[PDB]
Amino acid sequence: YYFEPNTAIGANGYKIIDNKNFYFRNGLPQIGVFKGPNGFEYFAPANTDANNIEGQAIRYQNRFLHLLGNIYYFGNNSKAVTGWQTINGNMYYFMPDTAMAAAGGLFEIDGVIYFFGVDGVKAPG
């Protein structure tokens, strides 16, 4: 995992405001799964956890997330997991660049072709 600090002043990229994390694009806060210093964080719709505001990064522990047609899973650290994962006995591969599940297609991972269902579960074989 790598993170490039948004050191430059202004409303852009990963920003800490009043001990809360936000992600800016076009000078405006965004909802989504974006890279922070210690992993992909969930910058979430308001009141997803403990009355957070729109775009505030939240606690989101050991849960799947469906967002804008993409599938994620968040560990106990509230950061999106990457790579091969087994959850409730099903295998998933979360593309490490976005943390999005491989889903609804054939994917070649480390030189091997697997099929992933639309729910992101790797077909056994």
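Residue positions are given as counts along the sequence shown, with the first one as 1.
When 86 to 94 is weighed against 31 to 39, 86 to 94 comes out higher, by mean CA B-factor as recorded in the entry.
In this crystal structure, the stretch out of 41 to 49 and 56 to 64 whose C-alpha atoms carry the higher mean B factor is 41 to 49.
Looking only at 101, 109, 16, 9, the residue with the top Cα B factor in the deposited structure is 9.
Placement of the Cα temperature factor of residue 76 within the chain: lowest third of the modelled residues, per the deposited record.
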